[PDB]
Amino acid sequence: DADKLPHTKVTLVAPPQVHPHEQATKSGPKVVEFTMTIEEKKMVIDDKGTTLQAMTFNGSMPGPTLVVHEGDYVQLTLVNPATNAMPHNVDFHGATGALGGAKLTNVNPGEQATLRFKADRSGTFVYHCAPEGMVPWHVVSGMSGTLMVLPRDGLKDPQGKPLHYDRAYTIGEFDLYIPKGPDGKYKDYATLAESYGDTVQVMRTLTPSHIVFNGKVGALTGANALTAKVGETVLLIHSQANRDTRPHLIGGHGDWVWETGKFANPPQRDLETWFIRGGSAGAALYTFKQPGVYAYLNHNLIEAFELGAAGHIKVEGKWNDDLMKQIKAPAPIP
């Protein structure tokens, strides 16, 4: 009985970090409590001042990543403050019933609600807002994130050998549909509601104006780069709640990848580029062997370099000439 099980209260952290957690654990099922507060706000999404009338869980795109173990129960309190304009809810792809919880979490501004569900399937799963009649708008405006349900004994390779990571990063990729006026410039809206009609028209073209990691062009580049060192194993969680993407680590690989994101299935190894289906989260493990600045991107290179779907990983350590060596540097042709 879930009512009898012990409870824990997890504190969420902002992407791209993931709140501390055990991988393999000796604990039995618990009811893990989370709270998220919805924030509608106007956000600058590129380096030329373009704005999005955005909607978020906890003020971030993506929302924070929630981590539990298979057999736990997720107990979320969802808060929609009176300062917001729209109704909201939450659909957990990791949950069973009632449209993922959406039917049980409809909160108008000034309201909150608490949902419990059993996390009985391991994997990374999208959660997103889904208010009746407004679903794609709320999703593309920023209302999604990841629930990671780890196996109780941690991640395993296809032969059952234990796989372990030193840190986890969470990347949410957002296809944005920002309207333009007759002058060809992006529109700037005074309120969230005023953006709706024009945005739906752009959405229907199926052509994003921007595709961004974690809420903005360059959100994870230069100074905001993810970090690691040679010998470190990272888990890269990638969510896309609305549209396909194809992650790639430039100069690296997916050592073990669950592209459909479900840990009871064997991962694939040595991937150059993997595939996250729109409406899902997937995960890749990589152990760094070389130092330097890597790019992590959507390998539609137009989507990456022109539209914004690219970040960096800065990696410290010693160079390995066995793996790669410049034999002859750029020089005149003889």
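So that the term is clear: the rigid core is the largest set of C-alpha atoms that superpose within 1.5 Å between two forms. Throughout, we count residues from 1 along the sequence that is shown.
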{"property": "Between 215-223 and 241-249, the one whose CA atoms sit farther away in 4 other deposited structures of this protein (rigid core aligned)", "result": "215-223"}
{"property": "191-199 set against 135-143, stretch whose average Cα temperature factor tops the other in the entry", "result": "191-199"}
{"property": "Which of 220-228 and 164-172 has higher mean CA B factor, as the PDB entry lists it", "result": "220-228"}
{"property": "Peak C-alpha temperature factor (PDB record), options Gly101, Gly181, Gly261, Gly94", "result": "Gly181"}
{"property": "Which of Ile313, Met324, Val18, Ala310 ranks first by CA B-factor in the deposited coordinates", "result": "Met324"}
{"property": "Third of chain Cα B-factors occupied by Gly110", "result": "highest"}
{"property": "B-factor third for the C-alpha atom of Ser122 within its chain", "result": "middle"}
{"property": "Lowest, middle or highest third - CA B-factor, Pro87", "result": "middle"}
{"property": "Entry-reported Cα temperature factor of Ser27, expressed as the chain third it lands in", "result": "highest"}
{"property": "Assigned third (lowest, middle, highest) for the C-alpha B factor of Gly279", "result": "lowest"}
